[PDB]
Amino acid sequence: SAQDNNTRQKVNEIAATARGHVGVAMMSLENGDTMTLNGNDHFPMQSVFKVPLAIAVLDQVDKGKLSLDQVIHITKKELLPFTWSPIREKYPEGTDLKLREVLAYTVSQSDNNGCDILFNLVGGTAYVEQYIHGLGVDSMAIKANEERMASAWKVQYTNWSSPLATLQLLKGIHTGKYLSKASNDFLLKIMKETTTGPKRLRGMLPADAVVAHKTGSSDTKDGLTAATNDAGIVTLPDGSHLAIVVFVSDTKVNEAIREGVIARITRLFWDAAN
């Protein structure tokens, strides 16, 4: 269709403004049509990987190994300094938090210490990786927690995904494929109750649009930003849903240009829905 040719051409033009490695995957969830750009290429996930982490944790809740109300005793030693951590900022001497609260801090606020606490609770990155692969999500790797990612610039590239692999997870979240209704509802709740990335998926969508998403961001080193990502499920006015993954990687352009790629592509798909 000329409608989809125009959409595809505009995705390419928007992506080109990042002058980098751009991956896009979208699906109209109820109908099943998809569009991709570099959909099988590999991209650093950064904090997008807190989504597969959360699925692995909630799977253990469903299986009876964990409980959302179980108390996590967080010591000062587990709260690494320097790293982004609303938990540490509020509880610099440690605290007790319910598992549901650690999950909310990790997914909704991207807490790096919450992330590493959750990885440790489920058996580490190796456990989460094999669990995700067991779901049939092959084109993803989870090798490093946040502490290890901070140790050297290159480590983030070992936690990679293709746009389609992240799309797979979004489709599975949308349909409740991996999690009980209660655990899946909770995951969607915490993915919706975030204020991160207002200029990404949300940048040019109506402010009251419902968007369940997770951002990922690297620092900028030698002018290169490894990752500027957003992935989520958008509810359209007609009640149907779009799954949208945009990874902007390995570019020297500034933050406004990088985030604008995500925002403009997302609004393009919103406007292209009928």
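Just count from 1 along the sequence shown to find any residue number.
Stretches 72-80 and 143-151 differ in mean CA B factor, with 72-80 having the higher one. As listed in the deposited structure, the average C-alpha B-factor of 47-55 and of 220-228 is greater for 220-228. Sort the modelled residues of the chain by CA B factor and residue 250 lands in the middle third. When all modelled residues of the chain are sorted by CA temperature factor, residue 214 is found within the lowest third. In this PDB entry, the Cα temperature factor of residue 163 sits in the bottom third of its chain's modelled residues, the lowest group.
In the PDB entry, a CA B factor belonging to the highest third of its chain's modelled residues is recorded for residue 10. Ranked against the other modelled residues of its chain, the C-alpha B-factor of residue 174 as given in the entry falls in the middle third.
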